[PDB]
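Only one chain is given next, in structure tokens, and it is the form deposited in one PDB entry.
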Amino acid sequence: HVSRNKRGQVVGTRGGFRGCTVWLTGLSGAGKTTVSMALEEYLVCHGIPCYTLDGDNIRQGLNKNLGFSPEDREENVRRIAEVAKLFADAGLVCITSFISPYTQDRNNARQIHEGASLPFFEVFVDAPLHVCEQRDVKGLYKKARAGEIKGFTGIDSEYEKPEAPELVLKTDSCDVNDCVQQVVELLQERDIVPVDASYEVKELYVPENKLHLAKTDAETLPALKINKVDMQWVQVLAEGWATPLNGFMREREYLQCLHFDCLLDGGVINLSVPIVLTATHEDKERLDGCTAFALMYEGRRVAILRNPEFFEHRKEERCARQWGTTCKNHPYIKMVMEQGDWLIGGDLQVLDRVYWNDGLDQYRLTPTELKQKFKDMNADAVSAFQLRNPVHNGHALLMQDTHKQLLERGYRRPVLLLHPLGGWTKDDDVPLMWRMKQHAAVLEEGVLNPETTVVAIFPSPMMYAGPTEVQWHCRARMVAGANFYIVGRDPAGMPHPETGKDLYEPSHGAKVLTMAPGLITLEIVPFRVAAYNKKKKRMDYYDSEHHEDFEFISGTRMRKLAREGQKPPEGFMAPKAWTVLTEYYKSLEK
């Protein structure tokens, strides 16, 4: 005979044996058939073979030779309990839906199963007798108030409530979804139904009431000193932008992320950039062995990494796979090229909440804070715009036209998340303080509407990885509640440092994003290149036959205009926003 654990490998797609019996009981019309039908549908929609035993299939076949003549009812239940045990033994979730009114017959069904090592879940579908008669779903209670039916349970014979059911469904105070969810959650607690990977925000901050204690704990551990870009990835993790990571990636997660751009355990989750912690040979041999250590930034213990695992940082290969180049003068690759040769994964418990105390912490909303803000503005669509640059009206055009399309589709309260990145950025980019001041101005001028625009700062370092990075950009906003993700040309790219051509082809970011796995709850809203049209005196989308109508105004052209004291053409950038830049460009030359 084949073992259960072998039957578990071939019953269904998900591995592991999960045979068991979900035993529904309660009065006629309490809700058993309704629950079973819906529970079955849930299990099947999730790849879990199940079979339902009910009146339709038992009392009309196996049990056609029994009535409700209280011996018959014992024998009913007994035969059902035996069948159920055989389904459960075969590896199915067996759901049984019978009134099953005797406490002794149900316990017997329970012992038939516990005796052969099969889980048994007694679910009391509990509606007051008067409610069940209200529903009289099949016309039986009236057929029995008239006499014409037996000792119908609840009226003429007894129903004995279960004493310690695994779950009581109060079907007069909850809906069917409430029932299904309570049962499914039971089966998840008891390892019959797996908990699939989720994008539900998962912070890695310790709770405030556990915080003091965790700090004291942290103080006893070895420590590892981290730097600022590390502390900003500490923040990305803490706040949940890399949900469902539990900490810095372990080997397995790292390799998934680099080869497939996804995490794969428990379901496909897009996560296309390594979120890792590096260490030197020296730190590894020092910390390896220890079940916990603390991470220290600017002499403060900012987090604890528990159950840590050390694996090699193969850096040329990492770089080549993440960036499509191993060019040493790419500014992030250069940082990676200086780090250690080990990476460290583990479970990260972050302590004090991360504040940078620079005048900008009011913008640094967590994904929870952001979803609250949308809820409070009552948005019915959130479009997100990642940017790392001053907003010119070419960007504003992508934002305005996405806003138009949402309206045209029926949304009535579209909100724009204007989402500049504020983590590490390469040397020649405009500093965050300045870009925030510049977008404030675009908004003060009404190029974008302040009453429908949330402005906040995305804490991730920037990688400048093009079509790899953009997925990361997008998935982060997805976690924070965005339903539409605006993407133009060359997102996340830059010039190749050696050749000066674009590192990445300009349509790939979008093409890749639109077909990347894991990006299921948001729609990609992609755009062609916009540039200053000279005829119409505004930004518009570039067209082939009019190469000459269009001026492209580089970041180098702006630095140049500001310095020769001129102005970009009219329609390129909100005048006040422009001024902030001149102000920026002024302190730059020094």
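The first residue of the sequence shown is number 1, and the count goes up from there.
A.B. asks: Can you let me know which of the two, 98 to 106 or 381 to 389, has the higher average C-alpha B-factor in the entry?
C.D. replies: Comparing averages over the C-alpha atoms only gives 98 to 106.
A.B. asks: Tell me which stretch has the larger mean Cα B-factor in this entry, 500 to 508 or 123 to 131.
C.D. replies: Here the higher of the two C-alpha B-factor means belongs to 123 to 131.
A.B. asks: Sort 175, 347, 71, 469 by C-alpha B-factor from the entry and give me just the highest.
C.D. replies: Highest C-alpha B-factor among the listed residues goes to 71.
A.B. asks: Quick check for you: using the entry's CA B-factors within this chain, is residue 368 in the lowest, middle or highest third?
C.D. replies: Its C-alpha B-factor belongs to the middle third of this chain's values.
A.B. asks: Determine, from the deposited record, the chain-internal third of the Cα B-factor for residue 331: lowest, middle or highest.
C.D. replies: Answer is lowest: the recorded C-alpha B-factor places it there.
A.B. asks: Would you mind checking where the Cα B-factor of residue 41 ranks among the modelled residues of its chain, as the lowest, middle or highest third?
C.D. replies: Middle third by C-alpha B-factor.
A.B. asks: Ranking every modelled residue in this chain by its Cα temperature factor as given in the entry, which third contains residue 261?
C.D. replies: According to the entry, residue 261 has a C-alpha B-factor in the chain's lowest third.
A.B. asks: Lowest, middle or highest third: where is residue 20 by C-alpha B factor in its chain?
C.D. replies: Ranked within chain, residue 20 CA B lands in the lowest tercile.
Just so it is clear, the following notes concern the form deposited in another entry, a form of the same protein that is not shown.
A.B. asks: When the C-alphas stop fitting one rigid part best and start fitting the other, that is the hinge; which of 265, 355, 198, 66 is there, between this form and the one not shown?
C.D. replies: Answer by hinge criterion: 198.
A.B. asks: Work out whether the Cα atoms of residue 15 and residue 264 come closer together or move farther apart in that other deposited form than they are in this form, the change being 3 angstroms or more.
C.D. replies: Relative to the displayed form, residue 15 and residue 264 move farther apart in that other deposited form - a change of at least 3 Å between their C-alphas.
A.B. asks: Can you confirm the direction of the Cα distance change for residue 45 and residue 264 in that other deposited form, closer or farther than in this form, given it is 3 Å or more?
C.D. replies: Relative to this form, farther apart in that other deposited form.
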